[PDB]
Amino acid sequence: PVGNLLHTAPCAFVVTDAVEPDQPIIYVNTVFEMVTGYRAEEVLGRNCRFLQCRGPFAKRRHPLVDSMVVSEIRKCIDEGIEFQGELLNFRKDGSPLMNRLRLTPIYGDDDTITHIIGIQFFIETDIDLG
């Protein structure tokens, strides 16, 4: 028996304020809410990096997140350009997702960057975690 289908494309995305300190989340779409397990009120105003800790309670990023990719994200955000890579993330229930992630900055009335759009493509993964 088939229902409770989704009508659109399953694309997950987030928007951040590139004006306030440290890219706070101002918008998540409900595909994000439904793949990650985090509701929008849980994540508004927070930086996206909680996805790199495994669970809602863990406060340090997981060892197997590639500290080099995360470094490159930081470069791109800072140099005002597009990031594109793949990075271990974690659902609220603990499960691992390879996040095939793309960051695109948006300019306002200026030549200043006012927002960044983030497009997650979470992929299931059988990474051994201990």
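In case it trips you up, residue 1 is the first one in the sequence shown, and so on.
Stretches 16-24 and 103-111 differ in mean C-alpha B factor, with the higher average recorded for 103-111. Higher mean CA temperature factor between 94-102 and 75-83: 75-83, per the PDB entry. Looking at the C-alpha B-factors along this chain, the one for residue 36 belongs to the lowest third. When all modelled residues of the chain are sorted by CA temperature factor, residue 30 is found within the middle third. In this PDB entry, the Cα temperature factor of residue 69 sits in the middle third of its chain's modelled residues. Compared with the other modelled residues of the chain, the Cα B-factor recorded for residue 59 ranks in the highest third. Residue 88 sits in the lowest third of its chain by CA B factor, as recorded in the PDB entry.
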